[PDB]
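J.: Right, I'll just put the structure down here and ask away after.
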Amino acid sequence: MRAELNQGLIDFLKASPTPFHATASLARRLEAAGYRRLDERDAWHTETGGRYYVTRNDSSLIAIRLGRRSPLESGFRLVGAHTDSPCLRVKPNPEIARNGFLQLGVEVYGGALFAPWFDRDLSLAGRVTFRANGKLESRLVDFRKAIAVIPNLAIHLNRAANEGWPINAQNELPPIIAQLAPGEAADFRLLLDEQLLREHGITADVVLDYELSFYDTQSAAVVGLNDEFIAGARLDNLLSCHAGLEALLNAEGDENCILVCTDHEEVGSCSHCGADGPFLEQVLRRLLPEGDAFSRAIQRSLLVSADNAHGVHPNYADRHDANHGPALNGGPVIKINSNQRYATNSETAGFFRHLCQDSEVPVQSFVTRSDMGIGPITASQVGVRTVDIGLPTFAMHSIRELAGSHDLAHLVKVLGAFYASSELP
Amino acid sequence: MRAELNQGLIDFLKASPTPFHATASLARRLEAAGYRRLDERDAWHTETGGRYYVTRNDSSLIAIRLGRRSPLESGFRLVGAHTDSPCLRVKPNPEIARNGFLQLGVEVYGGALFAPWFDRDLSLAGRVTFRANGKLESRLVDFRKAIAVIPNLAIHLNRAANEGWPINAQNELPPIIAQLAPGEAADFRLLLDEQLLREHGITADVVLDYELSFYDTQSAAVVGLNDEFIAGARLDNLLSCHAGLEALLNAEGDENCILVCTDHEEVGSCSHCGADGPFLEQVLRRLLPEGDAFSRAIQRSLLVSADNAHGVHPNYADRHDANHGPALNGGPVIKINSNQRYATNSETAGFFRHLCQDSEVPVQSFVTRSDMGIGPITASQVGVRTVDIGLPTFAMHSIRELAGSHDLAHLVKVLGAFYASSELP
Amino acid sequence: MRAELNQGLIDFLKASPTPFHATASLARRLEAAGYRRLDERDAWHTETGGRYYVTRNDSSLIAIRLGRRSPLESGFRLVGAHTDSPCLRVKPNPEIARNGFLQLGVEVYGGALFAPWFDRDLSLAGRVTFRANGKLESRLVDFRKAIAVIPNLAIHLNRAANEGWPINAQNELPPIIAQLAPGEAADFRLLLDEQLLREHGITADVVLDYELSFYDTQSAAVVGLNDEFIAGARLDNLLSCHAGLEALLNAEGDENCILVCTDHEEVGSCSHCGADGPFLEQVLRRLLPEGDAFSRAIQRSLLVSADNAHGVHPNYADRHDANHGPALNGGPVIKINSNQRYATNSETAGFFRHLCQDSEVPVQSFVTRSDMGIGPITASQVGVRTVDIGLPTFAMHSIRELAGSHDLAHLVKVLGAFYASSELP
Ligand SMILES: [Zn+2]
Ligand SMILES: [Zn+2]
Ligand SMILES: [Zn+2]
Ligand SMILES: [Zn+2]
Ligand SMILES: [Zn+2]
Ligand SMILES: [Zn+2]
């Protein structure tokens, strides 16, 4: 059922307010399915038929199904996605006290659209690092309830509001979380300490640092007269993580299947744990002999880089090429850009397109208007052929994005077919 | 305590997506409390101690509680508010069919902030006028389900989105409600016919015209670390309708109490339907003898004109006068403006300020900055002394506004004291 | 003594006018301390307790102390800095003869602030490549004495000078080094030939090419009423090279310690010998077995990326976030940017912050104002966890920068503690 898949997506989104939580949610499903967690510090002893996963920074995840045939001779079938989404992150000395409020200073992470973050019931989640019994450790928190808001200024006090103004992030985006009594101090670290106790039963000696993201408490939901759509934060790109996961868990065949979901894509993938890092490469090498084996394996592999595409928006149709306007619910989009903003080529495109035909999934094509500006990055790190595809969406980088409610099922089906395909060379 | 009043506010907002629904929700409460509906076409026979309400256009409502002393000799204690809120309304020939979608053309009603309407799960409600069995009639509909969305354009296709642009309402605000099959015709009036059957069991011969408002399906909610806040559409001015109602229904004493909630305030009033139409005057005259009575009664009356004020916003604090920055949860604000943008005067202010003190409710003062730019309308109709007050809020005319969670109780308390107050200035 | 450390810094800066000289100065201290130079062309035979260093391009240096425990099981403790600083470099056909002067045409290297280069007594140093007895070779030169000046134009001939104008580098930055007699030719290569003889006793057959940087002859100096400050060119980032070196040479414990100081950071680190090159990676791999060993080692390692931070400047305080304005002499700054302009995360931040606490060194936090723009690069090359820290400074990329005179000692102490720390996983 599309309906079961879509509900599964809504659940996953709800459990995944930050890249740490997305990674943990992926890990829980994998383990329930029998996948064994490996640690990058240990020597591994994997084998044919094994089901494994590994993480790095608790925010990037690689899932591995080793097939019957070795990667050396049959290659890997890889699906790539990303765990991060543009949002607001709490600063390290964040307490702002003004006009009787307590606010938290925020950085903008990734290319967020600012306006939609206003007038939303926000909570806060992510990683907290602390010392307990002279031991340094980390946990995830999620306050869950709506503790914050970034309100708009009344139109009465900003009469040209609808003219547009340059929203200044330093000044306009700090959320209000509380009011302070006369002479009441404010200690955010103390609030985190309370949350650690409440959520984990832990008392910290001291809260040191954290990576906390504001997020919307409004769950994702089906929308539309005929339930055509799905609305929710983080569709870019938890939509693809979830699809890629369902495809891996249900895939037939006995190929070598990889699900790589990396952090830091919204920011250029350049970290210890991003796609422009050697995470993927160092995991794959561990599944092969030394020498030429990795190079040979990779030239028999294909990466399907799954990241949301732009549907043609009816109130802004002129932002698309008239020949390449994807329809929501018209299936996955093959993304082409010969300037290598996407890595797709005629062979990767052709293979995917054929795969969609054999699976009876509709398929679409996108290029940008020629007067407008992980695929290329991972191709360039490990050298693997890549097709960039995505489900068509609107309002990418909003706090609440829109996709087609038929498209997840289309994508799970074709990814399932990819992962089961014994042929690529 | 009044988690009770707040939950009742949340419930009332949910049942009141349009002015028509707000009027119906007010009426259902008043009837539950014993108030009898009069009709403006009939001669009335009212009496001492009687509890009455009347409507006009099904969108404005006046509730009347007649005390023991005649209006002539003890005046009226009036509380004024309004039933309308800025929003988006369906055009009369609305169907727009483009890039495989069905959209509905919309007018902007009142001074709406455009941006917040984007990326929200919208439903649709209001009055439908139709012919059934040869006769003309009206019903309210509320689809309830989230059938519509106005999505943002991806930041990738609008890269200076955050620098601001002038949102064009004709082009960017039509909501998407569906996708159409190739050759599939779109008929909105037919969709209304189905909603009429579904919601009222009525089948129409022909659906003629309607006044339908899009609205947000996310309910109002308490927000903030210590539940300091309430967030929701239509606080302006359903917050005051609800407060006034509660005060009227619970007030002690013996006085002649009026609750006047008019439509069309957000567009200057100036319909048949108020507040500088003659609805209020024509109802009040009917409670008195002919002659000098109305004029005498009105000179012994006071109107407390309740409409939301602007709290000082900490991310935009220079938009207030530093001496006149109301705090959420700081209590009702007395609104002062010498150019009669508010009708408050030293006597109506002083009396209200005194009422708050005796009720132990905190009270605040607002004037605008002297370099920046309902009470006056109704004082100027009828001639009544007026104090303009309001609970302090943020983001007024957004789709989701913010108030203090303590302020509703504060307001109900003082309005109750006003209604029970045997003398005035 | 802070005083001995600071004098050591002043000496090191004086000996290090170019990245080649910085590298040579580091190498001389290391050798005096018993570190043995390895050559990247040779097979290495290193062992526990060994003290080694290697260079690449004579401008990047890696210093290695092998501990008792193998890197495989205890990881590396790495401190990263850079040998290069923004400056002016002589062009390859540089002789400009105009109005009786001889000038040298210059490129701007890195993001130099132009104005401060004017009206300074400059000398010239760096690498010269030549042929002597049919053999190609390189030496360093340093003219030492003040042979050049870039004078300002008199304010009298540029009366709006203080209004600001766009200093054109091609036209305004060539330094004057001499006056030419009527019909005297000018041969810069010949001058270099003389300098080779004078400085090294070498006669070249022909001077081919060179990488020569102008530099300030004014030594670094303590400044301030209470000697609070240190002023000098190249604090960014010879300040960190020097600190990192002192910490390595004095470190207790028996961990695996690395000091990586790379060239070309001011320009994006993208060279044979920069941090975006494989220098570091290829050295570290040589200290480990083949296979998974390097990956495992790296996931037990931590990089402390030490590069100067911005103190809050009292004449420009609004360029900082009010909550994150580091004080000179307030200790090292932990640099955070969730967009990965720094690689620090809650774990690397927390570990460093704790390390400062156990060492009794004050520690500070920096993020940028949210409306403003080697760590991430090396994390992304080798995959290592990284904390970006820096001593707070002013006037970065001037010819004369300012730091706190207490801060070097603070940084040496904490780096010493890092290098001696047996725990990170
Ligand atoms: Zn994406
Ligand atoms: Zn994105
Ligand atoms: Zn209002
Ligand atoms: Zn209004
Ligand atoms: Zn630097
Ligand atoms: Zn620099």
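Protein chains in written order, with our numbering: chain A, 5 to 429; chain B, 5 to 429; chain C, 5 to 429. We treat Cβ as the ideally placed atom computed from N, Cα and C, and that holds for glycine.
By the 9 Å beta-carbon criterion, what residues does the stretch 375-395 of chain C contribute toward chain A?
T.: Here the close residues are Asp375, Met376, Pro380, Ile381, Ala383, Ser384, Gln385, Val386, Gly387, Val388, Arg389, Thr390.
J.: Taking 9 Å as the threshold (beta carbon to beta carbon), is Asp280 of chain A in contact with chain C?
T.: On the first sequence, position 276 is the one that residue 280 of chain A refers to. For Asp280 of chain A, the answer is yes, since a Cβ of chain C falls inside 9 Å of its Cβ.
J.: So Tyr113 of chain A and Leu157 of chain B are supposed to be a Cβ contact under 8 Å. How far apart are they, rounded?
T.: Position 109 of the first sequence, counting from 1, holds the residue named residue 113 of chain A. Position 153 of the second sequence, counting from 1, holds the residue named residue 157 of chain B. With 8 Å as the limit, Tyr113 of chain A and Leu157 of chain B do not qualify as a contact, their Cβ atoms being about 21 Å apart.
J.: Between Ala353 of chain C and chain A, is any beta-carbon pair separated by less than 9 Å?
T.: Reading the third sequence from its first residue, position 349 is the one you call residue 353 of chain C. So yes, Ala353 of chain C belongs to the interface.
J.: Whose Cβ in chain B lies nearer than 7 Å to the Cβ of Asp125 of chain A?
T.: Against the first sequence, residue 125 of chain A aligns to sequence position 121. Simply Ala225, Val227, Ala235.
J.: Can you determine whether any heavy atom of ligand 6 sits closer than 8 Å to the C-beta of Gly187 of chain C, and answer yes or no?
T.: In the third sequence, counting from the first residue as 1, residue 187 of chain C sits at position 183. No, since every heavy atom of ligand 6 falls outside the 8 Å radius drawn around the Cβ of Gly187 of chain C.
J.: Within the 9 Å Cβ cut-off, does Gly335 of chain A reach chain B?
T.: In the first sequence, residue 335 of chain A corresponds to position 331, counting from 1. No, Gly335 of chain A does not count as interfacial toward chain B.
J.: Measuring straight from C-alpha to C-alpha, what distance separates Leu140 of chain B and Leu200 of chain B?
T.: Indexing the second sequence from 1 puts residue 140 of chain B at position 136. Indexing the second sequence from 1 puts residue 200 of chain B at position 196. Approximately 14 Å between the Cα atoms of the pair.
J.: Quick one: which chain A residues come within Cβ less than 7 Å of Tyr39 of chain B?
T.: Residue mapping note: residue 39 of chain B aligns to position 35 of the second sequence, counting from 1. Within chain A, no residue comes near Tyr39 of chain B; the closest Cβ sits about 34 Å away, beyond 7 Å.
J.: Helix or strand or just coil, what does DSSP make of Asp240 of chain A?
T.: Translated into positions along the first sequence, residue 240 of chain A becomes position 236. Three-state DSSP puts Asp240 of chain A in a helix.
J.: When the Cα atoms are used, what is the spatial distance from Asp197 of chain B to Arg238 of chain A?
T.: Residue 197 of chain B sits at position 193 when you count from the first residue of the second sequence. Residue 238 of chain A sits at position 234 when you count from the first residue of the first sequence. Each residue's Cα considered, the two are about 37 Å apart.
J.: Who's in the neighbourhood of ligand 3, going by beta-carbon under 5 Å from any heavy atom, listed in chain order?
T.: Taken from the N-terminal end onward, the list reads B:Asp240, B:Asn241, B:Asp311.
J.: Helix or strand or just coil, what does DSSP make of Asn166 of chain A?
T.: Within the first sequence, the letter at position 162 stands for residue 166 of chain A. Helix at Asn166 of chain A.
J.: Could you tell me which chain A residues have their CB closer than 9 Å to the CB of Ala347 of chain C, listed as they occur along the chain?
T.: Taking the first residue of the third sequence as 1, we reach residue 347 of chain C at position 343. What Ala347 of chain C touches in chain A: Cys274, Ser275, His276.
J.: Would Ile393 of chain A be called buried (16 or more neighbouring beta carbons within 10 Å of its own) or exposed?
T.: Stepping through the first sequence from its first residue, residue 393 of chain A is reached at position 389. Buried, by the Cβ-count rule.
J.: For the alpha helix (DSSP H) containing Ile171 of chain A, list its first residue and its last residue.
T.: Along the first sequence, one-based indexing puts residue 171 of chain A at 167. Here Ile171 of chain A belongs to no alpha helix (DSSP H), and DSSP marks it neither H nor E.
J.: Taking only beta-carbon atoms, is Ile340 of chain C less than 9 Å away from chain A?
T.: Here residue 340 of chain C is taken as the residue at index 336 of the third sequence, counted from 1. Yes, contact with chain A.
J.: Would you call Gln303 of chain C buried or exposed, if buried means 16 or more other Cβ atoms sit within 10 Å of its Cβ?
T.: By one-based count along the third sequence, residue 303 of chain C stands at place 299. Buried, because 16 or more other Cβ atoms sit within 10 Å of the Cβ of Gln303 of chain C.
J.: Please report the residue range of the alpha helix (DSSP H) in which residue 2 of chain C lies.
T.: Examination of residue 2 of chain C is not possible in this model, given that chain C is present from 5 through 429 alone.
J.: Can you pull the chain C neighbours of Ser142 of chain A, defined as C-beta to C-beta under 9 Å?
T.: For the purposes of this step, residue 142 of chain A is identified with residue 138 of the first sequence, where counting begins at 1. Those within 9 Å of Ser142 of chain A in chain C are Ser350, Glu351, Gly354.
J.: For the candidate residues A:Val211, A:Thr348, A:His317, A:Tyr423, whose alpha-carbon lies nearest to that of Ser363 of chain A?
T.: Reading the first sequence from its first residue, position 359 is the one you call residue 363 of chain A. Selected option, being the one with the closest Cα: A:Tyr423.
J.: Please name the residues in the stretch 172-197 of chain A whose beta-carbon is closer than 8 Å to at least one beta-carbon of chain C, in chain order.
T.: From the stretch 172-197 of chain A, only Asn172, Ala173, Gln174, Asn175, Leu177 have a Cβ closer than 8 Å to chain C.
J.: Comparing the CB of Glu270 of chain A with every heavy atom of ligand 8, is any distance shorter than 8 Å?
T.: Absence of ligand 8 from the depicted structure is noted, with ligand 1, ligand 2, ligand 3, ligand 4, ligand 5 and ligand 6 being the only ligands included.
J.: Would you list, in chain order, the members of the stretch 51-85 of chain A that have their beta-carbon closer than 7 Å to a beta-carbon of chain C?
T.: Those residues of the stretch 51-85 of chain A that come within reach of chain C (Cβ to Cβ, closer than 7 Å) are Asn61.
J.: Have a look at the DSSP bridge pairing and note the partners of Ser273 of chain A.
T.: Within the first sequence, numbered from 1, the residue matching residue 273 of chain A stands at position 269. BP columns for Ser273 of chain A are empty, so no partner.
J.: Which stretch, first to last residue, makes up the alpha helix (DSSP H) that contains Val418 of chain A?
T.: The count along the first sequence starts at 1 and reaches residue 418 of chain A at position 414. Its alpha helix (DSSP H) spans residues 411-423.
J.: How far does the beta strand (DSSP E) with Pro23 of chain C in it reach, from first residue to last?
T.: Stepping through the third sequence from its first residue, residue 23 of chain C is reached at position 19. It is not in any beta strand (DSSP E) - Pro23 of chain C instead sits in the alpha helix (DSSP H) that spans 23-36.
J.: Going along the stretch 252-270 of chain C in order, which residues come within less than 9 Å of chain A, judged by CB to CB distance?
T.: Those would be none; no residue qualifies.
J.: Tell me whether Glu176 of chain B is buried or exposed, calling it buried when 16 or more other Cβ atoms sit within 10 Å of its Cβ.
T.: For the purposes of this step, residue 176 of chain B is identified with residue 172 of the second sequence, where counting begins at 1. That one is buried.
J.: So for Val367 of chain B, helix, strand or coil by DSSP?
T.: Start at 1 with the first residue of the second sequence, and residue 367 of chain B comes out as number 363. Correct three-state label for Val367 of chain B: coil.
J.: Exposed or buried, which one is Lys149 of chain C when buried takes at least 16 other CB atoms within 10 Å?
T.: Counted from its first residue, the third sequence places residue 149 of chain C at position 145. Flag for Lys149 of chain C reads exposed.
J.: Measuring CB atoms only, is the stretch 409-424 of chain A touching the stretch 372-379 of chain A, in the sense that at least three cross pairs come out at less than 8 Å?
T.: Counting Cβ pairs under 8 Å, fewer than three are found: no touch.
J.: For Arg32 of chain A and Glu250 of chain A, what's the separation of their Cα atoms in angstroms?
T.: Taking the first residue of the first sequence as position 1, residue 32 of chain A is located at position 28. Taking the first residue of the first sequence as position 1, residue 250 of chain A is located at position 246. When rounded, the distance between both Cα atoms is 13 Å.
J.: Distance, Cα to Cα, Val226 of chain B vs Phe80 of chain A?
T.: Locating residue 226 of chain B in the second sequence gives position 222, where the first residue counts as 1. Locating residue 80 of chain A in the first sequence gives position 76, where the first residue counts as 1. Each residue's Cα considered, the two are about 50 Å apart.
J.: Need the endpoints of the alpha helix (DSSP H) that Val287 of chain A sits in, please.
T.: Translated into the one-based positions of the first sequence, residue 287 of chain A becomes position 283. It spans 283-289 - the alpha helix (DSSP H) in which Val287 of chain A sits, taken as one unbroken run.
J.: Using a Cβ cut-off of 8 Å, pull out every chain C residue sitting near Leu212 of chain A, in sequence order please.
T.: For this step, residue 212 of chain A is matched to residue 208 along the first sequence. Within 8 Å Cβ-Cβ: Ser350, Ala353, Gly354, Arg357, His358.
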